[PDB]
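Colleague: Input file: work-v9.pdb. Contents: PDB, C-alpha atoms.
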ATOM      1  CA  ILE A   5      39.430  67.966  10.920
ATOM      2  CA  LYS A   6      38.766  64.220  11.096
ATOM      3  CA  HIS A   7      36.957  62.836  14.158
ATOM      4  CA  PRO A   8      36.723  59.102  14.930
ATOM      5  CA  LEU A   9      33.387  57.411  14.271
ATOM      6  CA  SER A  10      31.947  55.313  17.111
ATOM      7  CA  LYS A  11      31.488  51.539  16.783
ATOM      8  CA  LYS A  12      27.718  52.072  17.094
ATOM      9  CA  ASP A  13      27.826  54.466  14.127
ATOM     10  CA  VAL A  14      30.059  52.117  12.093
ATOM     11  CA  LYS A  15      27.581  49.277  12.622
ATOM     12  CA  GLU A  16      24.671  51.492  11.554
ATOM     13  CA  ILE A  17      26.497  52.431   8.324
ATOM     14  CA  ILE A  18      27.059  48.720   7.626
ATOM     15  CA  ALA A  19      23.354  48.076   8.278
ATOM     16  CA  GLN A  20      22.340  50.843   5.847
ATOM     17  CA  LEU A  21      24.726  49.658   3.110
ATOM     18  CA  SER A  22      23.598  46.048   3.540
ATOM     19  CA  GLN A  23      19.949  47.010   3.088
ATOM     20  CA  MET A  24      20.700  49.109   0.000
ATOM     21  CA  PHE A  25      23.298  46.961  -1.798
ATOM     22  CA  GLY A  26      23.113  43.554  -0.155
ATOM     23  CA  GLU A  27      25.604  42.193   2.355
ATOM     24  CA  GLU A  28      28.150  41.183  -0.329
ATOM     25  CA  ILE A  29      28.636  44.630  -1.913
ATOM     26  CA  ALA A  30      28.359  46.337   1.493
ATOM     27  CA  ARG A  31      31.072  44.109   3.006
ATOM     28  CA  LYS A  32      33.700  45.318   0.538
ATOM     29  CA  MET A  33      32.801  48.957   1.279
ATOM     30  CA  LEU A  34      33.020  48.690   5.077
ATOM     31  CA  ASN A  35      33.566  46.099   7.787
ATOM     32  CA  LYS A  36      33.061  46.406  11.541
ATOM     33  CA  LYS A  37      36.816  46.439  12.216
ATOM     34  CA  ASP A  38      37.745  49.332   9.875
ATOM     35  CA  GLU A  39      39.083  52.653  11.151
ATOM     36  CA  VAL A  40      36.286  55.086  10.323
ATOM     37  CA  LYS A  41      36.557  58.863  10.559
ATOM     38  CA  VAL A  42      34.275  61.793   9.778
ATOM     39  CA  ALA A  43      35.212  65.118   8.184
ATOM     40  CA  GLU A  44      32.961  68.124   7.673
ATOM     41  CA  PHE A  45      32.281  69.321   4.151
ATOM     42  CA  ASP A  46      29.620  71.858   5.181
ATOM     43  CA  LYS A  47      26.944  72.394   7.843
ATOM     44  CA  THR A  48      24.561  69.774   6.444
ATOM     45  CA  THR A  49      27.136  67.434   4.853
ATOM     46  CA  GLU A  50      29.813  65.120   6.238
ATOM     47  CA  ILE A  51      32.397  62.904   4.526
ATOM     48  CA  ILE A  52      32.945  59.447   6.026
ATOM     49  CA  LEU A  53      36.448  58.025   5.554
ATOM     50  CA  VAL A  54      37.225  54.308   5.793
ATOM     51  CA  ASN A  55      40.917  53.681   6.501
ATOM     52  CA  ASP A  56      41.585  57.253   5.299
ATOM     53  CA  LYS A  57      39.774  56.922   1.958
ATOM     54  CA  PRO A  58      36.665  59.088   1.394
ATOM     55  CA  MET A  59      33.817  56.601   1.045
ATOM     56  CA  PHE A  60      30.434  58.060   2.008
ATOM     57  CA  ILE A  61      28.356  61.199   2.177
ATOM     58  CA  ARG A  62      26.400  61.690   5.382
ATOM     59  CA  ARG A  63      23.290  63.841   5.598
ATOM     60  CA  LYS A  64      22.069  63.771   9.211
ATOM     61  CA  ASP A  65      22.199  60.040  10.033
ATOM     62  CA  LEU A  66      21.867  58.690   6.474
ATOM     63  CA  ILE A  67      24.815  57.626   4.328
ATOM     64  CA  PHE A  68      25.486  56.770   0.685
ATOM     65  CA  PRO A  69      28.640  56.087  -1.342
ATOM     66  CA  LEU A  70      30.422  59.125  -2.800
ATOM     67  CA  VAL A  71      30.797  59.474  -6.573
ATOM     68  CA  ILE A  72      34.578  58.921  -6.171
ATOM     69  CA  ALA A  73      33.944  55.688  -4.209
ATOM     70  CA  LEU A  74      31.597  54.437  -6.934
ATOM     71  CA  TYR A  75      34.079  55.567  -9.606
ATOM     72  CA  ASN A  76      36.802  53.376  -8.127
ATOM     73  CA  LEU A  77      34.313  50.506  -7.837
ATOM     74  CA  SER A  78      33.419  50.943 -11.541
ATOM     75  CA  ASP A  79      36.977  49.772 -12.338
ATOM     76  CA  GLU A  80      36.265  46.531 -10.432
ATOM     77  CA  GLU A  81      32.604  45.803 -11.196
ATOM     78  CA  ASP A  82      30.055  46.683 -13.857
ATOM     79  CA  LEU A  83      27.835  49.161 -11.987
ATOM     80  CA  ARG A  84      25.293  48.940 -14.829
ATOM     81  CA  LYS A  85      24.022  45.801 -13.058
ATOM     82  CA  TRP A  86      24.133  47.018  -9.423
ATOM     83  CA  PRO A  87      21.335  47.632  -6.917
ATOM     84  CA  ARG A  88      20.110  51.248  -6.656
ATOM     85  CA  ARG A  89      21.367  52.015 -10.179
ATOM     86  CA  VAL A  90      19.886  54.547 -12.558
ATOM     87  CA  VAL A  91      21.437  54.097 -16.006
ATOM     88  CA  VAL A  92      21.362  57.027 -18.460
ATOM     89  CA  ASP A  93      22.091  57.492 -22.172
ATOM     90  CA  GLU A  94      25.009  59.560 -23.525
ATOM     91  CA  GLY A  95      22.734  62.559 -24.228
ATOM     92  CA  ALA A  96      21.904  62.869 -20.522
ATOM     93  CA  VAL A  97      25.554  62.976 -19.389
ATOM     94  CA  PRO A  98      26.659  66.589 -19.970
ATOM     95  CA  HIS A  99      23.473  67.952 -18.354
ATOM     96  CA  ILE A 100      23.955  65.857 -15.188
ATOM     97  CA  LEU A 101      27.645  66.792 -14.908
ATOM     98  CA  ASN A 102      26.507  70.454 -15.093
ATOM     99  CA  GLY A 103      24.131  70.090 -12.102
ATOM    100  CA  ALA A 104      20.888  68.987 -13.772
ATOM    101  CA  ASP A 105      18.571  66.434 -12.179
ATOM    102  CA  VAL A 106      17.907  63.132 -13.958
ATOM    103  CA  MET A 107      14.936  63.254 -16.325
ATOM    104  CA  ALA A 108      12.953  60.114 -17.241
ATOM    105  CA  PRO A 109      13.499  60.359 -21.042
ATOM    106  CA  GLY A 110      17.269  59.820 -20.531
ATOM    107  CA  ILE A 111      16.971  56.673 -18.406
ATOM    108  CA  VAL A 112      17.796  53.402 -20.200
ATOM    109  CA  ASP A 113      17.634  51.110 -17.140
ATOM    110  CA  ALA A 114      17.028  51.235 -13.393
ATOM    111  CA  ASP A 115      17.016  48.806 -10.482
ATOM    112  CA  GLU A 116      13.380  47.685 -10.154
ATOM    113  CA  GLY A 117      14.023  47.422  -6.395
ATOM    114  CA  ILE A 118      14.175  51.236  -6.181
ATOM    115  CA  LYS A 119      11.281  52.962  -4.385
ATOM    116  CA  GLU A 120      10.466  56.682  -4.283
ATOM    117  CA  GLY A 121      12.664  58.286  -1.620
ATOM    118  CA  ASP A 122      15.510  55.761  -1.982
ATOM    119  CA  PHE A 123      19.106  56.904  -2.366
ATOM    120  CA  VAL A 124      20.293  55.985  -5.867
ATOM    121  CA  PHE A 125      23.382  56.391  -8.021
ATOM    122  CA  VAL A 126      23.446  57.465 -11.658
ATOM    123  CA  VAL A 127      25.705  55.772 -14.226
ATOM    124  CA  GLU A 128      26.145  56.201 -17.978
ATOM    125  CA  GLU A 129      25.499  53.150 -20.139
ATOM    126  CA  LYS A 130      28.907  52.829 -21.873
ATOM    127  CA  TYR A 131      31.740  52.591 -19.297
ATOM    128  CA  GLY A 132      29.289  52.438 -16.413
ATOM    129  CA  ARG A 133      31.049  55.450 -14.926
ATOM    130  CA  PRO A 134      29.038  57.014 -12.107
ATOM    131  CA  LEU A 135      27.944  60.611 -12.647
ATOM    132  CA  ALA A 136      25.931  61.383  -9.538
ATOM    133  CA  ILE A 137      24.043  60.259  -6.470
ATOM    134  CA  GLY A 138      20.575  61.341  -5.385
ATOM    135  CA  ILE A 139      17.047  60.606  -4.268
ATOM    136  CA  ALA A 140      14.574  58.675  -6.409
ATOM    137  CA  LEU A 141      11.428  60.642  -7.304
ATOM    138  CA  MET A 142       9.989  57.580  -9.062
ATOM    139  CA  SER A 143      10.135  53.838  -8.416
ATOM    140  CA  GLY A 144      12.663  51.874 -10.508
ATOM    141  CA  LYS A 145       9.791  50.330 -12.479
ATOM    142  CA  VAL A 146       8.307  53.759 -13.208
ATOM    143  CA  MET A 147      11.754  55.053 -14.256
ATOM    144  CA  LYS A 148      11.901  52.313 -16.916
ATOM    145  CA  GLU A 149       8.308  52.877 -18.109
ATOM    146  CA  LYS A 150       8.116  56.676 -18.311
ATOM    147  CA  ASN A 151       9.720  58.938 -20.893
ATOM    148  CA  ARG A 152       8.549  62.108 -19.071
ATOM    149  CA  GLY A 153       8.994  63.555 -15.574
ATOM    150  CA  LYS A 154      11.864  64.144 -13.145
ATOM    151  CA  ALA A 155      13.326  60.847 -11.967
ATOM    152  CA  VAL A 156      16.184  61.690  -9.585
ATOM    153  CA  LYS A 157      16.924  64.676  -7.362
ATOM    154  CA  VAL A 158      20.731  64.882  -7.563
ATOM    155  CA  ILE A 159      22.532  65.721  -4.299
ATOM    156  CA  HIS A 160      26.143  65.202  -5.419
ATOM    157  CA  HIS A 161      27.682  64.836  -8.877
ATOM    158  CA  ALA A 162      31.108  64.387 -10.449
ATOM    159  CA  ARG A 163      32.776  67.811 -10.980
ATOM    160  CA  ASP A 164      30.977  69.418  -7.996
ATOM    161  CA  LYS A 165      32.703  70.840  -4.906
ATOM    162  CA  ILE A 166      32.428  67.573  -2.938
ATOM    163  CA  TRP A 167      34.094  65.817  -5.898
ATOM    164  CA  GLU A 168      36.911  68.397  -5.910
ATOM    165  CA  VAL A 169      37.854  67.626  -2.294
ATOM    166  CA  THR A 170      37.268  63.832  -2.356
ATOM    167  CA  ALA A 171      38.561  62.708  -5.789
TER     168      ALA A 171
END
Produce structure tokens that represent the structure in this file.
Modeller:
Amino acid sequence: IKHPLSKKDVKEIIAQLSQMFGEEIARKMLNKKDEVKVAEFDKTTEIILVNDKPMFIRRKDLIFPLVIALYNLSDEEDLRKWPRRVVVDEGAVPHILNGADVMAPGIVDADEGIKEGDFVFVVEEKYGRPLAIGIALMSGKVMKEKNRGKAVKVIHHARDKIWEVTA
């Protein structure tokens, strides 16, 4: 069941998105006048809907765009040049879509603004289709420099159960 999100919570989501993506990208994802609702996926995971479209994952009080939301955006913008991006080669794709974390050897580019602990999204270098979202285990700079080590802890990927119910 969908419960309305408070104005205070809406403003905090906007604040989070603005910090992560900049005010311009954030503004198209959510504005302070939108009807925002929350649905439960499971006991640690919520789905935030903006005017009835699934837009964000929420884990406790922290949000990030869903893979479906980024997928739709990838038909408008080239996500290969976005903040919080982790760009992977074609060899990395099937592993990630099967639930694997992102390994440094498969990363072809990353936002240098990324710090360890940051929410990131993962996109493949051809169509810039998003594959996953997760938590950076390396800085963006380190992701570009290293060809060894785990780079991103994936928390949601295309083809997973969240994808099934949001896509």
Colleague: Got a sec to resolve the PyMOL selection byres ((chain A and resi 136-145) around 9) on this structure and send the residues as number ranges by chain?
Modeller: A: 68-71, 88-90, 100-101, 105, 113-127, 134-135, 146-150, 153-162
Colleague: Which residues of segment 37-113 of chain A have any atom within 6 Å of an atom in segment 7-15 of chain A when counting only C-alpha atoms, and what is the closest pair of atoms for each, with the distance in Å to one decimal? Order the rows by chain and rising number and write it as a Markdown table.
Modeller:
| residue | atom | partner | partner_atom | distance |
| --- | --- | --- | --- | --- |
| A:40 | CA | A:9 | CA | 5.4 |
| A:41 | CA | A:8 | CA | 4.4 |
| A:42 | CA | A:7 | CA | 5.2 |
Colleague: Out of A:86, A:170, A:110, A:74, which residue has the shortest atom-to-atom distance to residue 133 of chain A when counting all atoms listed in the file?
Modeller: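 Answer, going by the shortest atom-to-atom distance: A:74.
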Colleague: Name the closest residue to residue 129 of chain A among the candidates A:78, A:107, A:102, A:171; distances are taken between atoms, counting all atoms listed in the file.
Modeller: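 Nearest candidate to residue 129 of chain A out of A:78, A:107, A:102, A:171: A:78.
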Colleague: What gap, in Å, lies between atom CA of residue 152 of chain A and atom CA of residue 108 of chain A?
Modeller: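 Atom CA of residue 108 of chain A lies 5.2 Å from atom CA of residue 152 of chain A.
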Colleague: Can you list, as a VMD selection string, every protein, DNA or RNA residue that comes within 12 Å of residue 20 of chain A when you count only C-alpha atoms, leaving out same-chain residues fewer than 3 positions away?
Modeller: chain A and resid 13 to 17 23 to 27 29 to 31 33 to 34 60 62 65 to 69 122 to 123
Colleague: Using all atoms listed in the file, which of A:64, A:151, A:49, A:6 sits nearest residue 106 of chain A?
Modeller: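 Checking each of A:64, A:151, A:49, A:6 against residue 106 of chain A, counting all atoms listed in the file, the winner is A:151.
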Colleague: I'd like the interatomic distance between atom CA of residue 76 of chain A and atom CA of residue 47 of chain A, to a tenth of an Å.
Modeller: 26.7 Å
Colleague: Report, in Å to a single decimal, how far apart atom CA of residue 44 of chain A and atom CA of residue 59 of chain A are.
Modeller: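 Atom-to-atom, atom CA of residue 59 of chain A and atom CA of residue 44 of chain A are spaced 13.3 Å apart.
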Colleague: With 5 Å added on each side, what axis-aligned box encloses every listed atom of segment 19-31 of chain A? Give the centre and edge lengths in Å to one decimal, as JSON.
Modeller:
{"center_x": 25.5, "center_y": 46.0, "center_z": 3.2, "size_x": 21.1, "size_y": 19.7, "size_z": 20.2}
Colleague: Nearest residue to residue 73 of chain A out of A:58, A:98, A:109, A:103, using only C-alpha atoms?
Modeller: A:58
